[PDB]
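**Q**
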RNA sequence: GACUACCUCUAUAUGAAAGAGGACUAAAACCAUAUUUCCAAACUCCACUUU
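Numbering (the entry's author numbering), first residue to last: 34 to 390, 404 to 443, 449 to 469, 481 to 946, 998 to 1120.
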């Protein structure tokens, strides 16, 4: 009934299999027409739907089995006649059986008034039980008198199971044998031959639109005192209008279409099945607006018709289009899409070296200074013909077609024109790549030297973590699509170990998830050491061993389905076979997660596949760390003798110099742009079939790992970024601007020797430095004050944080202190002291500039991700016309050269070249001028602005669109709240601050 | 319903096309950008925001 598909039938699952011949209801891994007998088993649930179609909201438990046992012979159960059935039977039925119900048999000879049958179920049920004279009910006698009702349900079930079964077999790909698909096929062919497809005013007169919208407004301005049911009785006045003009609704097929779109208009603004939440407007119902919208959302279906079989010509697939073949295109257009937006951000970085505004105008002194930040080496004066032409040949060599991914990462040569090609082997770049590879065992040590680690652990306790046999501190990290991050593993693992022990205990037998207190340096040693033993030593081995991975899944499944009752959530996901690779069982987990994405959101149910992937990886990291002797990490214990014994670590790699161009692209990316690329690459790698071409991807997925070790080296000396103290003091006075620069946080230890700031050089590496000098120079309350350093001495935060943890733990034993009006104010003042101290600490070290830089990149890279779908749709509708160019496309009102200007500067990152032109909120306004192509992509442009800012701790409101001449303008920007101590209280705290939010708005609206 | 989607099929035009389907089409979710929110467990089918 409700779910035909995605439902068990014979302890087997059900899928649909669309095809150009028709539709098919198939089991799971098979290919047979089983739509006849899947639909036959799906029939005890049709009886269960009719019983809930004849019974009411106080779902009574004695009328529930009287009705159900008439329909099912086996289901009938003995009940008493008189005592349990003596109520108001008329007040327990449905709202459809309260009054007499009339119908015609399914296959009646013809419509007539002598065929329609009458039924009063409240009358016909009282007349039988008085004729029932036994102590208990007799099924043979009762069924015989209820014969008038049983034929209603057998008619109801048998006709609905015929409508669903025809809705499936005709649901084919790109149908033209149907009504309203043949009609859109008629309209599409009358535009390529440049004609007019339809006329609104001539079809508005046959529909008699003015007889409607006058009766619709009447039903709106008439009564409707109660907000509930207003929406239901605009449906019935619309069903009344169709009834009087039905004689030509069956005879036109274009008039009929006019009714389907105006029906669909009504249940999106005056909803009936769509979670109301808002009072309707009378503006929508007015005549001349609905006709404008019908013109607007019927052309949407013509443009979607053109692109959807222009896709079937770019692949050579338009006769064998299959449901299975279509999915395969969805996947390889995700790896190819994520790979493009990385090249647009790497190409931006190559712009700022050469010419930020192409080879002729080079600032010569800036180039060498810019080169030393990406690459840790130093270039000569005589190499800028071979370095600036050598990098561009790594990014340059979008056509959405059949890709062959071998000879896509190789690229042996690059050309230099004044044309004379070089290899990358007899070049200066070769020395850089090899130098990086042979310094891996000391880049680990400097990552260990920093963030304590060596100051809290002894060197004998570190020579037995890189010395474990079968683990070699790889640069590879996983061979699986859905693996967690480490902070999801360690934080959620704290939740399973530390648990109340006062329950139906769900023990996982964990021991290493000990602390959570981030305020110490002892814990930040073991957190940083666990982090790198779970990424280099453990993730590669675990993911490729069949026995190690399987032994953790088999503990998890048998921990769940071995306790009493039926409520067991890991019920329908199967156990790992023997001789099965872990990249083949976790491709089963990924596919189940994405087929059940809609069924889990129709009803309010949680994603139970997420908390399965946690517990396997949480338990398996404990079994690793205890089978070896690696359990001393849980006790740091700061040492006294600085031990001068070396930590010798073994490492060997077979990377040849065929990767010496893709490494030059990964050195121009970020640290977040690199991690995301690697996650999409492991999804696309786990669906390919060849034994080669996967070794292409696992050799480039190791180049990314080598790039990550460096990441944020930056500078170390002082006078390599500046020349004098007066140029340092000129630049740094744009953010603090005082006589405060000769102090402790801003000079080294004594005298006048400076210190360089890690969030300020980072802005300079990228091109966002100019923008942030315009932001902080608008006001003067943005810079570091003398009172902000003065607040960092008012008191200590360690004695306040401790107080908060103590007061919170007492609330678990005494929840009644939530209504203690004196206690809840003391807890409020402790939170606001921790909050105000942490904003002043961040402001003093200029950490926020780092936050502003990250926030700006996310907004401009999302906008470059809509301009790549629009570019893919432009070449999908153009190559269809050239197979049958501009004079047709400017008759379809598609891509102009006024919108190609807007689509080009969004994609080419032209916001960052200093001078503004137009703000950020005028780039989201320009994105939905290009994407007015369809509503699916236009409606989502503003939906993704609010999601990005909401992840960074902020809300946003956006004034109504008809008042602002269709532009985006801010109403309210406010810090988002956390709601300490329960869910129905007033004790809360802002996620960021009111001061950070003001800075953010002055960035979004800044011309 | 810009946020607060969309598109294919389906007709005894009505207890209603108020029905089914979408990894098939978009957006999220997942991912190596520090820390305050108690936590863990909670099967399937069928209903359900008016009357």
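By construction, the Cβ of each residue, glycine as well, lies at the ideal position given by its N, Cα and C atoms.
State the beta-bridge partners of residue 134 as determined by DSSP.
**A** 152
**Q** When you compare only the Cα positions, how much space is there between residue 384 and residue 1094?
**A** 51 Å
**Q** Please determine if the region 793-805 and the region 571-579 are in contact, where contact requires at least 3 C-beta pairs separated by less than 8 Å.
**A** No, because fewer than three Cβ pairs between the region 793-805 and the region 571-579 fall closer than 8 Å, the two stretches do not touch.
**Q** Taking just the CA atoms, how far does residue 528 sit from residue 66?
**A** 57 Å
**Q** Less than 8 Å between the C-beta atoms of residue 893 and residue 865, yes or no?
**A** Result no, Cβ atoms of residue 893 and residue 865 do not sit closer than 8 Å.
**Q** Touching or not, the region 768-788 and the region 823-833, by the rule of three or more beta carbon pairs under 8 Å?
**A** Output reads yes: the region 823-833 touches the region 768-788.
**Q** Using only the alpha-carbon positions, how far apart do residue 461 and residue 724 sit?
**A** 8 Å
**Q** Are there 16 or more other CB atoms within 10 angstroms of the CB of residue 368, so buried, or fewer, so exposed?
**A** Result: buried.
**Q** Please report how far the alpha carbon of residue 268 lies from the alpha carbon of residue 885, in whole angstroms.
**A** 54 Å
**Q** Using a 10 Å radius around the Cβ and a threshold of 16 neighbouring Cβ atoms, would you call residue 504 buried or exposed?
**A** exposed
**Q** Counting beta carbon pairs with one atom in the region 891-909 and one in the region 176-189, are three or more of them shorter than 8 Å?
**A** no
**Q** Going along the chain, which residues of its own chain have a beta-carbon closer than 8 Å to the beta-carbon of residue 113, five neighbours each way excluded?
**A** Within the same chain, 168, 169 and 170 come within 8 Å of residue 113 by CB-CB distance, once the 5 residues on both sides are set aside.
**Q** Which whole-angstrom value is the C-beta distance of residue 373 and residue 727, which I expect to be below 8 Å?
**A** Contact flag wrong, Cβ pair sits at about 12 Å.
**Q** Which whole-angstrom value is the C-beta distance of residue 340 and residue 935, which I expect to be below 8 Å?
**A** 6 Å
**Q** CA-CA distance, residue 49 and residue 38?
**A** Rounded to whole angstroms, residue 49 and residue 38 show a C-alpha spacing of 7 Å.
**Q** Return yes when the Cβ of residue 97 is within less than 8 Å of the Cβ of residue 354, no when it is not.
**A** no
**Q** Closest by CA to residue 424, which one among 679, 794 and 493?
**A** 493
**Q** Where does residue 305 sit, in a helix, a strand or coil, going by DSSP?
**A** coil
**Q** Just checking, does the region 1047-1057 make contact with the region 1023-1030 on the three C-beta pairs under 8 Å criterion?
**A** no
**Q** Inspect the CB distances between the region 677-688 and the region 586-606 and report whether three or more fall short of 8 Å.
**A** yes
**Q** Grouping DSSP H, G and I as helix and E and B as strand, with all else coil, what is residue 49?
**A** strand
**Q** Just to confirm, are residue 1051 and residue 1044 a CB contact at a threshold of 8 Å?
**A** yes
**Q** For the 8 Å Cβ check, are there 3 or more pairs between the region 873-892 and the region 1070-1086?
**A** Flag = no, the region 873-892 and the region 1070-1086 do not touch.
**Q** Can you say whether residue 933 is buried or exposed, counting buried as having 16 or more other CB atoms within 10 angstroms of its CB?
**A** With 16 or more other Cβ atoms within 10 Å, it is buried.
**Q** Which value, in whole angstroms, describes the spacing of the CA atoms of residue 513 and residue 584?
**A** When only Cα atoms are considered, residue 513 and residue 584 end up about 10 Å apart.
**Q** Going straight from the alpha carbon of residue 811 to that of residue 597, what length do you get?
**A** 37 Å
**Q** How is the alpha helix (DSSP H) around residue 910 delimited, first residue to last?
**A** Run containing residue 910: 909-943, per the alpha helix (DSSP H) assignment.
**Q** Report the three-state DSSP secondary structure of residue 543 (helix, strand or coil).
**A** coil
**Q** Any idea what DSSP makes of residue 1067, helix, strand or coil?
**A** strand
**Q** For the alpha helix (DSSP H) containing residue 436, name the first residue and the last one.
**A** 434-441
**Q** Could you name the residues that DSSP lists as bridge partners for residue 1090?
**A** 1103
**Q** Rounding to the nearest angstrom, what Cα-Cα distance links residue 331 and residue 299 in this structure?
**A** 15 Å
**Q** Residues in the same chain with beta-carbon distance under 8 Å from residue 674, minus the five sequence neighbours each way, listed in chain order, please.
**A** 618, 632, 635 and 651
**Q** Mind pulling the alpha helix (DSSP H) runs of 4 or more residues that sit fully within the region 201-253?
**A** 215-225 and 233-239
**Q** Using only CA atoms, which one of 533, 645, 457 and 535 lies nearest to residue 541?
**A** Checking every option, the nearest Cα to that of residue 541 belongs to 645.
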